[PDB]
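Topology and contacts: notes
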Amino acid sequence: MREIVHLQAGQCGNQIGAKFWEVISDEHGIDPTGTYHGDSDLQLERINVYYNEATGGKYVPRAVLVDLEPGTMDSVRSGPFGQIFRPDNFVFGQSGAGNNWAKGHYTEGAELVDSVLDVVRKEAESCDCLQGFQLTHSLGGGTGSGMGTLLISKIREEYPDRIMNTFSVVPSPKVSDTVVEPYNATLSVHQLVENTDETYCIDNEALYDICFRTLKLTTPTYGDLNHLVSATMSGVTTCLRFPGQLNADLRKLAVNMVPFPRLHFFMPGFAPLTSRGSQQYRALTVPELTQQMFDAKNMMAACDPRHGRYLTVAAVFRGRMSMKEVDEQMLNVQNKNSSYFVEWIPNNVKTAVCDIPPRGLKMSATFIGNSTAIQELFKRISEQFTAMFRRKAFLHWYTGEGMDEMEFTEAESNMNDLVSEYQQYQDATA
Amino acid sequence: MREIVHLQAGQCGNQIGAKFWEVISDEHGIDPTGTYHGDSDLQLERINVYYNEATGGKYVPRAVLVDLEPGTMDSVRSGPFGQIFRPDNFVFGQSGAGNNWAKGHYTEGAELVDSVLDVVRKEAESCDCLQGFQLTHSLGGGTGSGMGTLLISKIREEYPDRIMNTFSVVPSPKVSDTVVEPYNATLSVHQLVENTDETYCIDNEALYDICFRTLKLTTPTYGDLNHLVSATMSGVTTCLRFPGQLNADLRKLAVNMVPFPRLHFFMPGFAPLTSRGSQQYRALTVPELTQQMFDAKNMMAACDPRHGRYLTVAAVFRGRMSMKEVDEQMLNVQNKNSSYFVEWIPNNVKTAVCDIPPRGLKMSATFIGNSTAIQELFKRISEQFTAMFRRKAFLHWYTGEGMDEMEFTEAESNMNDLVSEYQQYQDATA
Amino acid sequence: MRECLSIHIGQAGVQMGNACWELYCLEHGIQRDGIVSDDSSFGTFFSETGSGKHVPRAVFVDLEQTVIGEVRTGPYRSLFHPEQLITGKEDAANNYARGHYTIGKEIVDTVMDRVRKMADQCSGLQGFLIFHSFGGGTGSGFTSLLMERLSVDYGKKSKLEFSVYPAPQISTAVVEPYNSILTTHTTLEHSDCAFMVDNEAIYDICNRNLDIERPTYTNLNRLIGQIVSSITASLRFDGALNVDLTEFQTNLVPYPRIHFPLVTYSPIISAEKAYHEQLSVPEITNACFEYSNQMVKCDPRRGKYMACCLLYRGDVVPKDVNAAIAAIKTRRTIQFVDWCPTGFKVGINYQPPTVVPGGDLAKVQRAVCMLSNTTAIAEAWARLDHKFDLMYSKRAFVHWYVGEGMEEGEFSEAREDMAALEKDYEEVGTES
Amino acid sequence: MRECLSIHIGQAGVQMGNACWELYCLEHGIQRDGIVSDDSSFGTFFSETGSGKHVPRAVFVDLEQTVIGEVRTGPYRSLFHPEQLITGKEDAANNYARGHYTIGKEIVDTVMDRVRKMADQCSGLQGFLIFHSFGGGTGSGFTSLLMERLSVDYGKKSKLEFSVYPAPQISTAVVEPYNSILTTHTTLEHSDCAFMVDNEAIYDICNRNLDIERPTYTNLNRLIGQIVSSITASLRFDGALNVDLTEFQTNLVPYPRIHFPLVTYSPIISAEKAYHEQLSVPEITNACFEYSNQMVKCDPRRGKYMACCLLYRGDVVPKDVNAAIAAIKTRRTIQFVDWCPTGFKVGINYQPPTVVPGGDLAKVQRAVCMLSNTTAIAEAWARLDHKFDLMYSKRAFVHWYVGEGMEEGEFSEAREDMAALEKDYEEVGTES
Ligand SMILES: Nc1nc2c(ncn2[C@@H]2O[C@H](COP(=O)(O)OP(=O)(O)OP(=O)(O)O)[C@@H](O)[C@H]2O)c(=O)[nH]1
Ligand SMILES: Nc1nc2c(ncn2[C@@H]2O[C@H](COP(=O)(O)OP(=O)(O)OP(=O)(O)O)[C@@H](O)[C@H]2O)c(=O)[nH]1
Ligand SMILES: Nc1nc2c(ncn2[C@@H]2O[C@H](COP(=O)(O)OP(=O)(O)O)[C@@H](O)[C@H]2O)c(=O)[nH]1
Ligand SMILES: Nc1nc2c(ncn2[C@@H]2O[C@H](COP(=O)(O)OP(=O)(O)O)[C@@H](O)[C@H]2O)c(=O)[nH]1
Ligand SMILES: [Mg+2]
Ligand SMILES: [Mg+2]
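Residues numbered from 1 in each chain as written, not as in the entry; some residues may be left out. Chains lettered and ligands numbered in written order. Part of a larger assembly, values for the part shown. Heavy atoms only, no water.

What the entry reports as its method is cryo-EM, with 3.3 Å given for the resolution.

Naming follows the PDB entry, where chain C appears as Tubulin alpha chain of Xenopus borealis. This structure appears in the PDB under the title "Xenopus borealis undecorated microtubule - 14 protofilament, 3-start helix". The UniProt entry for chain C carries this comment under Sequence similarities (unreviewed entry): "Belongs to the tubulin family." Taken directly from UniProt, the Catalytic activity (unreviewed entry) text for chain C runs: "GTP + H2O = GDP + phosphate + H(+)". (UniProt positions renumbered as here; feature names shortened; annotations may be inferred.)

The name given to chain A in the PDB entry is Tubulin beta chain, and the organism recorded there is Xenopus borealis. Regarding chain A, the UniProt comment filed under Cofactor (unreviewed entry) reads as follows: "Mg(2+)". The UniProt entry for chain A carries this comment under Sequence similarities (unreviewed entry): "Belongs to the tubulin family."

Below, the structure written as structure tokens:
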């Protein structure tokens, strides 16, 4: 059976991971103690996708948690699902990174990387057919950026044929959380732009907007944003675990979504997202979900899609569905949004449907978009990296860890090429 | 029936012996008072292997305990199984050895050796078909090294046709326990390198590592390391006592493990070894045990096996088993670890399976390895003997007991030949 | 996070320490006798005896028995390890040379021995906390010795220090300009980021924000203790956007020679006045950027902010923090240097400030501490340097330093080093 | 293990003996009247009368009635055998010649007779324990006689002796340099390994480690008694890695003429100060290798360690010992001679130290005693020899020795023997 191993690094990495297995276990009806309590046999038919069965009426999720300080992982152990993971997979250091990409990649993480790969190798050996890898981290973060890229390069070298997904939180344009985000992002993009097959960019700014208006949540917290992120991440692999009329696995999405090897950055989405008051006054039907998922306000990325165009779109539906309705709405989006799709790609939509919906919903859909509008995101980082690096604003911390100033300029140029390549394909043949 | 007599000399010898009959008696269900309380008739079918029955519903283990001071043997008498042994077999001196090989071999032990052989002869006469001998001691120790070698030479001269096993504790590379270990080891290896058919090298450093990480034991003690050692020692003779699909006795292992007469030094191992917390998250199956037993971290020897190659490997399994699974994993180890086996020996694995598992486990396996990596162990001792003997660091104690300085240099050369012979066969025909 | 080590040198540092550890004991529920009786991560600042007792991981040092004698006779006498309370015979007498050359050298070896033993019991050491007075004999001369010793012996570790920066108008000693510059020159290289606080600024806060008309050094230390507690809240509790000890220097030190951020805290309200204020996130967030609320008399509006760390604490919502920070960045009166588009380093912890019995600070479920490396401190340095050269032009008090084993050349070298520091702020304060 | 014999000669040895047997009686629960009333291996040091009484296996000897008279009138009067308390008429008066030639010869025969009877009741004799002062009339002249007699009569047996090595700075007698060398020359050949302890070093420990400001010889002997108890713990209790009496000489005597190891003990803490320290294995293990904790004033750092015996005692874990020893060996400040790659001889016993009522030592469940044959003692020998030749150049006190039956030639021969011993340390202190 197609199988995956999940990797989570850094504070954002682990916390989203924790709010991810809290949801995968719910879909498969897995008790926090690890015992199965699902009400349907169709959940165990593909449990092995994320879990390695341990004899005794319990299942263990093959996940690897990496963090240079133990603070974030200690909280996970104390969580409702902390005891679910195998204790051996909890690998951590002692000196946490100071939000510097250098320390999490060259000096501190270099010593612990060997330990991480050994667990990863055992998990891979425990599988019968490994399909790909999943990494959760944050580009602005030091551990995730630095240690995540180091792990991606090693596993890619070790397993070149296998896929690898990345759900990376991207710095927001207006309000940040770390001063030196521009350095961490550019260094990390320099590695993800050649090592990973598909990446999903997420920003908390966009998620904050969703909670404020789309969901009318007065006091959201990361306990809530991670739930939205976990919904999309679970949706991407609905096909590997449950049956449907038109199944689309990780590789199928990659081929339909990645036209050129370097243009593998997507913006996820989800629907329906309605408050409790609005539940009465809305009909949960295919025609309404299609509008919500293509709405710029429902996007989990700060960049407005309307400022660009879509190379490829992939729609993953869930629940009881009508194929003709799904075909109709996608056709309407193709015709209605005439200038929102490139001319050199006559078909821009990849549709997928699954029979089982998520949680208590009777219908769900997940939106993946490889829109050209993401150029405005790297461009902003491109301006924030240049302004700081122009006079060595914070370089003396990265230099002291071994990084040479030459590596910095190469990543900036490799970042400018990515934006130029995005602008290049935004053109039209006529 | 095939029968064995156990000999234990020195402090390490007797204590491991005590924690060995505490386990053999458990497998056969023998009460500490000597009466049989086993729940299965299959235990008494081969009890005579280690025990001489005494009419009256009691059994007496034919074991000979030798020690120059009575301190270590007095504690054994006060142990839970102290009253199990025949009082006559407790043979001891008055002037204990001062950790000098000379005193335990030439001066002090020479007077008591006659007494020891007489008991040994009676035990042999009490048997119907004696198969071999077992000696437990410590090379760094004086009594065991000195008195153990004296006993081995005498019994070998008396019983050349019979086998003799030796479970010798070898000095650790980093932290020692006796200052003059290099002298004792080299002198003792000089005798074991021509008198015994198979030897099992054990080091407490490696056992300490197992307890720290493999078994997560916070406060281990020799009461615990000896239990691990006794498990392997009991496993080697599982076939002589219980039935199985593929029985392998002491001689069968010796022929499959000893290619050349001088290369009879092995490194034992055991599996599964998991903590109480890790018991939930692991499946006790053949595929997992094979990886653990070939893992360098599960080895009971300080030398890393990966630095060398395996001439011969012997796997002794226990419990309900599937032959095809056992064959598969050994084949995988043969192919996966391509460079870990010599080319001039196409088959390197000798498999053995027994029906009954140990204690409460439903599956066990014992690892025996005649790896070439053990050359780094004698080489280290070779450097520590040379540095001391270079200027007669502690020779005036051995000289005063009768030993001539000439014997010292011959053992050093006989030790260098052993390392050269190990390096010689590490080569490849092409 | 793992262990962090504390050092208290001088009367100011020692007196601050007893206030800091009063909060630490209260926060973790540790009794003043060293026994827990009301958060298991308290091991960052405490070492468990193994018999139901906790020893604070601090090294109180002074060259006189008076200040440490009070601690030995105070309620926390049974708390500290007896050997940690290292004391000398004669005070440095406000002379930098004595605390660094003559009398400081005699007791420096003993201090390191205890520091070494504290490190031996560390499974992980983030850095050191050094409390001292920026101007003073023991707090300026002996601290420089430790900074040199700690840097060479350990190195590759954060070294945070809290300094009582001399107030421009108020001053309680005559030769402070000599003393402050001498330690600055010797501690600039071996430091990572030194938090600065004035006595005058805290007095003004105690008079305007608080309704206390009779403040004392005891009140100031209590209001400074929460500054240290907030900075180390992440290492001792759990919450979103944890800020490790080493993260402070990376975010707040753009250049190696500019690591002197100032401290601000909010809310600061009396028990009665609290009933009339909502104290929402925007209110406290805006308060942190008010000249009337900062703990350094230098005017923030007179310069530009380069980096800022917002260590939000309590029942705060991350969405509110992001919106509040956006409001600050759009203000035109506030100005950040162009070469740093991103300056805010947010930190959220789920542990509201503890209430100190008998204190002048009200109970608040939502508090925030701001660390801002601002160029406005350059004006303060110039004023302090202006005092130094005016005195040194006539050798006002040089003969005392000369006779204590310090050459006259150091005065010229130290001032020139200070002059370069002023130029460094000028260089980073402009963009094309 | 079987019997070990004890001998106490001189005021220092006799006074040490009553302290040593105070511990032995307390450890085995033997009352001071010689009856057991609270470990059956106590026969190593005691002989059972057969009527519910135990006679300690010691031979207290002196040339004066004063010191032994105190024992006869002390609480342990009924303990010792009356004939064991052998006493002379006139003291040796601090003269080596008297204790070896004139007055020592008169009483030596009686001492051997008792020693012979003690051996007759031995099913196994590991060796002898001789307590004396390295410098003193009876403790230097009479001990040499016994060493010669015991070696020839018995031989082929361990002979351990504890000596009060003259302190470099503190000295309570004038002609000690003459006395110390004379016994060293005559006792070097017949000895196996002599443990050395200074009065100044123990005083410093009692002042720094312990909080005792009024120490006395009574305190020192009590702190020296546990040294002897730990060395013989294996012979009287059970535990992993038992260290027999004869193992000490094999491990700690690389060469026949270098058998003078020094003694260190840890933990040494008062009752109050113990509450503030965990006292883990690494802490005590590291303490044993501290200049501030060793009982000989010679600086260990001034030389190199050749052999070390670690007799761990109490509830210790063998894994911790191995890890702790590994930490010591990787230290760069500590240095072991190249020709001895392995120097540590570990010994673990399951019997924590007993608490002596009224003592200055706190109750600890985990104690360790270290014996280290270190080359740093060579400096002490040179200083002692420096005193001897300076006096002997003028015959400062030779006439007293000459008139007591000792030829002047022995002074030259003894010093030359000492000079060779200094060269022996130099030869073994370097490697290619
Ligand atoms: N906030 C605060 N400042 C203090 C306190 N005690 C002393 N100071 C400041 O310390 C400055 C003078 O240096 P001190 O710390 O008093 O002197 P020192 O550190 O003991 O060094 P010496 O010169 O050897 O006495 C004064 O200007 C005070 O402002 C205190 O308890 N709280
Ligand atoms: N540690 C310790 N040393 C002692 C004690 N009593 C005497 N000494 C040492 O003994 C040295 C002098 O030799 P003594 O033992 O006193 O004299 P002696 O053995 O009676 O021989 P005489 O010369 O005949 O008196 C002094 O330097 C003391 O250091 C004691 O109770 N404890
Ligand atoms: N969605 C989400 N994002 C988070 C969470 N915690 C932290 N982040 C993001 O992580 C970024 C900071 O990087 P971080 O991972 O904490 O640094 P690191 O520990 O060195 O990897 C911030 O920009 C936050 O947006 C969380 O719980 N949920
Ligand atoms: N594995 C193990 N080794 C031991 C044990 N006891 C002692 N040893 C080893 O024995 C060595 C000391 O030699 P020993 O046998 O005690 O001297 P002997 O009594 O004269 O034979 C030390 O290096 C220890 O490593 C034990 O219980 N288990
Ligand atoms: Mg002062
Ligand atoms: Mg006397």
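All names here are of chain A. In terms of burial, strand β6 (residues 130-138) is a largely internal element, nine of the nine residues being buried. Bridge count between strand β1 (residues 3-9) and β6: six bridges; the pairing is parallel. Residue pairing for β6: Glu-3 is matched across the bridge by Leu-130. Following the backbone out of β6, through helix α5 (residues 142-158) and into the adjacent parallel strand β7 (residues 163-169), one traces a crossover that is right-handed. (Buried < 20%, exposed > 50% of the residue type's maximum accessible area, 1.4 Å probe, protein only. Helix = DSSP H or I, 4+ residues; strand = E, 2+ residues; numbered from the N terminus. Pairing = 2+ DSSP bridges. Right-handed = clockwise from strand over helix to strand, strands pointing away.)

Further remarks concern the UniProt feature "binding site: GDP" (unreviewed entry) in chain A. Residue and element names in this part refer to chain A. When the UniProt feature table is mapped onto this chain numbering, "binding site: GDP" (unreviewed entry) sits at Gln-11, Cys-12, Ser-138, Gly-142, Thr-143, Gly-144, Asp-177, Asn-204, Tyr-222 and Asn-226. Along the chain, the position of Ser-138 falls in strand β6. For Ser-138, a relative accessible area of 13% corresponds to the buried category. Every residue in contact with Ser-138, bar those within four places of it in the chain, is listed here: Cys-12, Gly-144, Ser-145 and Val-169. Relative to the assigned elements, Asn-204 resides in helix α7 (residues 204-214). The contact partners of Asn-204, leaving out residues within four places of it in the chain, are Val-169, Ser-172, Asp-177, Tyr-222 and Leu-225. (Contact = heavy atoms within 4.5 Å.)

Moving on, we come to the interface of chain C and chain A. The interface is formed by 37 residues belonging to chain C together with 34 residues belonging to chain A. Surface buried jointly by chain C and chain A totals about 3400 Å² across both partners, of which 53% is contributed by carbon and sulfur atoms. The three residues of chain C that bury the most area against chain A are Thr-250, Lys-319 and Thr-342 of chain C, which together make up 18% of that side's buried surface. Between the two partners, chain C and chain A, sit three salt bridges. Residues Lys-156 of chain C and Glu-401 of chain A are paired through a salt bridge, measuring 3.9 Å at the closest nitrogen-oxygen approach. Summed over the shared surface of chain C and chain A, the result is 15 residue pairs in polar contact. Among the secondary structure elements, those contributing two or more residues to the side of chain C that touches chain A are α9 (245-252), α12 (318-330) and β11 (344-349) of chain C. The class makeup of the residues in the side of chain C that touches chain A is 18 nonpolar, 12 polar and seven charged. (Buried area = accessible area lost by both parts, 1.4 Å probe. Salt bridge = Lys/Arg side-chain N within 4 Å of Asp/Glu carboxyl O. Polar contact = N/O pair within 3.5 Å; in protein donor to acceptor, adjacent residues only side chain to side chain. Nonpolar A, V, L, I, M, F, W, Y, C, P; charged D, E, K, R; others polar.)

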